[PDB]
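K.L.:
Sending over a structure as structure tokens; questions will come in a sec.
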Amino acid sequence: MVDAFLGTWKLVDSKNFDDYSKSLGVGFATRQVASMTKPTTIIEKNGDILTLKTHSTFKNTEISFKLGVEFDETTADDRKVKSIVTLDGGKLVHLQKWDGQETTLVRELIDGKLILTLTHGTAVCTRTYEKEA
Ligand SMILES: CCCCCCCCCCCCCCCC(=O)O
């Protein structure tokens, strides 16, 4: 059941995003702009296919995928990764693999807010999104 994740979401809090992006090898200037950017994430479904848009004044991305089926992805920071998204414990878990590395993007609804936890290396970033009507 992915349905409570669907809709338009706006970033309202961020913790440790610089640590996360730095761990991925993102350069200082991009990290600087990212620290002041508040994306909008739009999650939509059509049958078995989810589409996840991330929009901002800096970078935009869009992916479409079926839960549990690997897909190719080119991330906002230009990594070419092998990805899979599943539901696990009611959380939407996105795993990216490239060059033997991994990162996870885990989304979980808590009190109506969408909490995105990003882990790479030892870095753990928590970002909070609120629903927009
Ligand atoms: C959409 C603006 C992002 C700007 C950051 C660019 C370099 C870091 C990108 C890291 C991977 C994507 C992180 C997504 C974060 C999110 O959806 O809130």
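A Cβ is built for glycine as well, from the same backbone N, Cα and C atoms used for every other residue.
The annotation octadecanoate binding site is assigned in Swiss-Prot to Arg127, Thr128, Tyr129 on the grounds of experimental evidence. Per Swiss-Prot, the feature hexadecanoate binding site maps to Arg127, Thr128, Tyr129; the stated evidence is experimental evidence. Feature annotation from Swiss-Prot assigns (9Z)-octadecenoate binding site to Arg127, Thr128, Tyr129; the stated evidence is experimental evidence. The N-acetylvaline annotation in Swiss-Prot covers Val2. As annotated by Swiss-Prot, phosphothreonine applies to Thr8, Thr30. If you look up Swiss-Prot, you'll see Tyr20 marked as phosphotyrosine. If you look up Swiss-Prot, you'll see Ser23, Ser83 marked as phosphoserine, on the strength of similarity to another entry.
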K.L.:
Please report the distance from the Cα of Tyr20 (phosphotyrosine) to the Cα of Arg127 (octadecanoate binding site), rounded to the nearest angstrom.
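P.N.:
One finds 11 Å between the Cα atoms of these residues.
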K.L.:
Do any of the modified residues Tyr20, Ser23, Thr30 touch ligand 1, in the sense that the CB is under 6 Å from one of its atoms?
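P.N.:
Close enough to ligand 1 are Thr30.
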K.L.:
Of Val2, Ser23, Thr30, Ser83, which modified residues come within 10 Å of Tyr129 (octadecanoate binding site), going by C-alpha to C-alpha distance?
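P.N.:
For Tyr129 (octadecanoate binding site), the modified residues whose Cα atoms are within 10 Å come to none.
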K.L.:
Name the one residue among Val2, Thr8, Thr30, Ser83 whose Cα is closest in three-dimensional space to that of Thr128 (octadecanoate binding site); these are the modified residues.
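P.N.:
Of all the candidates listed, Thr8 is nearest in space.
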K.L.:
Would you mind listing, in sequence order, the residues at least six apart from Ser23 (phosphoserine) in the same chain with a Cβ closer than 8 Å to its Cβ?
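P.N.:
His120, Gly121, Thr122, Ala123 - these are the non-local Cβ neighbours of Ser23 (phosphoserine), listed in sequence order.
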K.L.:
Excluding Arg127, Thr128, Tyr129, please set out which residues of the same chain place their CB within 8 Å of the center of the CB atoms of the (9Z)-octadecenoate site, keeping sequence order.
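P.N.:
For the (9Z)-octadecenoate site, the extra neighbours are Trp9, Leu11, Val12, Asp13, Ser14, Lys113, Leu114, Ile115, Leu116, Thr126, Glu130.
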K.L.:
Specify the secondary structure state of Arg127 (octadecanoate binding site) as given by DSSP, simplified to three classes.
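P.N.:
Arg127 (octadecanoate binding site) sits in a strand per DSSP.
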K.L.:
Which whole-number value in Å describes the distance between the Cα atoms of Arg127 (octadecanoate binding site) and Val2 (N-acetylvaline)?
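P.N.:
Each residue's Cα considered, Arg127 (octadecanoate binding site) and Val2 (N-acetylvaline) end up 19 Å apart.
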K.L.:
For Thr8 (phosphothreonine), write down the residues of its own chain that are at least 6 apart in sequence and whose Cβ falls under 8 Å from its Cβ; none is a fine answer.
P.N.:
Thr40, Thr41, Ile42, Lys131, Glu132
K.L.:
Long-range neighbours only, meaning 6 or more apart in sequence with Cβ under 8 Å: which ones does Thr30 (phosphothreonine) have?
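P.N.:
Long-range Cβ contacts: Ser21, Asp77.
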K.L.:
In whole Å, how far does the CA atom of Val2 (N-acetylvaline) lie from that of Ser83 (phosphoserine)?
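P.N.:
A Cα-Cα distance of 18 Å.
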K.L.:
State the count of C-beta atoms found within 10 angstroms of the C-beta of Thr128 (octadecanoate binding site), not counting that atom itself.
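P.N.:
So the Cβ neighbour count for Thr128 (octadecanoate binding site) comes to 16.
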K.L.:
State the count of C-beta atoms found within 10 angstroms of the C-beta of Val2 (N-acetylvaline), not counting that atom itself.
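P.N.:
Result for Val2 (N-acetylvaline): 15 neighbouring Cβ atoms inside 10 Å.
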